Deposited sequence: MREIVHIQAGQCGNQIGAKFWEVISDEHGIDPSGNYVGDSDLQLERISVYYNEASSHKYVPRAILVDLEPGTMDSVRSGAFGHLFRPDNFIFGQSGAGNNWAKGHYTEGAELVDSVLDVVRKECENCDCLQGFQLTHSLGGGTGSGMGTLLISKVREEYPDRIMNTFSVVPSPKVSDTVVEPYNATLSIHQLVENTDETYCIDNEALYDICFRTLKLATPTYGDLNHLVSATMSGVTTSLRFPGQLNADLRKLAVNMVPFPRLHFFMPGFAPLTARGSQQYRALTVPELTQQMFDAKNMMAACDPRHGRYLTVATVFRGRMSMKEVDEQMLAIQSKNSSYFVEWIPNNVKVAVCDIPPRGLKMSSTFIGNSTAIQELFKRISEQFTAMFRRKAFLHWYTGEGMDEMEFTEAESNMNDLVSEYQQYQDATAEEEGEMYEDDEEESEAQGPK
């Protein structure tokens, strides 16, 4: 039933705040916690993300974490900033300086226990805890370094709970800091072993969408986060609203993850809109299979789909949906592995998102995601070959062979995808 949300670091807290603004509006929740909605459907599954306080007040089951005090002040200044439980703000004083080592072994380790005490308090309150949800970047130090430390500590305490992450992947197009490949490679190692699902939210792709499709000369983090919050809203639709699907996180992962290490998804969304600016079902179905709509800078046609889940939101003909979805598979039958029968599934929710009569969200488990990891591995290897900036990490206790291991594990993952990309039914 209940989900415990965590958001770590500057990026984690920023996209995490935007997620709560979006689904709160969908559920008709006031910035003070008061429900002021029209429909009863807005409340059926409200307990999944909201604790039901005394005065008919709904309080996000969210924990906010950061070694930087600044980002916490900015959350409260937001529209819904005072909706969060004050005691669920856990922040250090020093900051992470974009150093994965500082977040994972040094400052982060000093603060991780204080964070788990807050997680435990939220958990014991849950009737039947469904899983954990984390938002964070992989290129920084707090979200990447301390986020993955949090995941492994949460995995120890709650081994039988699902752990999904919305992980933002670094791109030179968004932040120029050149240690991000280090931080992301060290983190992806952690995610491969300790998360059940990971949504690859690639800043490369977010920028390209804004810059080339939405024609935004200079995309801001708000332009990028508009795409992220809309994606996260659709990805969690089946959990938050009544409809065909009644599945918990565990059931959603069981049918999407054929292999334990291949749980990194390509999320997509249609239509793509800029902040403040209706498609047919065929135009919706075509768009979300189109490379331009992917939130991970990968071309699906360069790989093969293992599993695909799509959720349509709005009032629309289910039959027309079934036919279009059928139209794509048979037309592109080669891009879907033939050794997982019926691997493309569809769901519909009559309640559309804010400002749209029609929308659809795409969740792909595609071998083409290896293009993302090969891009990071290439940058990682360019820096690591020249040993540039390693002192920042070895000075924080890290061993140098941790870098070789992360690189090695990164490439084993790439090889796994390529293995199943070439396998046949025979």
Would you list the gaps, meaning deposited-sequence stretches without C-alpha coordinates, in the order they occur? 1, 279 to 282, 432 to 450
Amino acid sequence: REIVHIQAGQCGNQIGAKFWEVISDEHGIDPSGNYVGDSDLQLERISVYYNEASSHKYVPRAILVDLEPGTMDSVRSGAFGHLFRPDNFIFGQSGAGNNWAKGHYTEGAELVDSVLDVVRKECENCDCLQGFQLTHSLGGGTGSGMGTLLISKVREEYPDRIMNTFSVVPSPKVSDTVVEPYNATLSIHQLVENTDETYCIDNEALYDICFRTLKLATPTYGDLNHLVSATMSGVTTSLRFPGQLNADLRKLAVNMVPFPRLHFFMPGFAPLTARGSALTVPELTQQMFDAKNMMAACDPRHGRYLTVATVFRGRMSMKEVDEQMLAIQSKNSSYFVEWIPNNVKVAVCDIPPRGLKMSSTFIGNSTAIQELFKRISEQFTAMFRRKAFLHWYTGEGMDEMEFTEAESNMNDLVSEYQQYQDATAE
From here on, numbers count along this sequence of modelled residues.
Identify the stretch, either 41 to 49 or 359 to 367, whose C-alpha atoms have the larger mean B-factor according to the entry. 41 to 49
Would you tell me which stretch averages the higher CA B-factor in the PDB entry, 278 to 286 or 226 to 234? 278 to 286
Whose C-alpha has the highest temperature factor in the PDB entry: 191, 162, 83, 296? 83
Given 168, 146, 75, 266, identify the residue with the highest C-alpha B factor in the PDB entry. 75
Third of the chain, ranked by Cα B-factor, where residue 6 sits: lowest
Consider only the C-alpha atoms of the modelled residues in this chain, order them by B-factor as the entry records it, and name the third containing residue 372: lowest, middle or highest. lowest
Thinking about Cα B factors across the chain, which third does residue 217 belong to? middle
In terms of the chain's CA B-factor thirds, is residue 136 lowest, middle or highest? lowest
Sorting by Cα B-factor within the chain, modelled residues only, which third would residue 108 end up in: lowest, middle or highest? highest
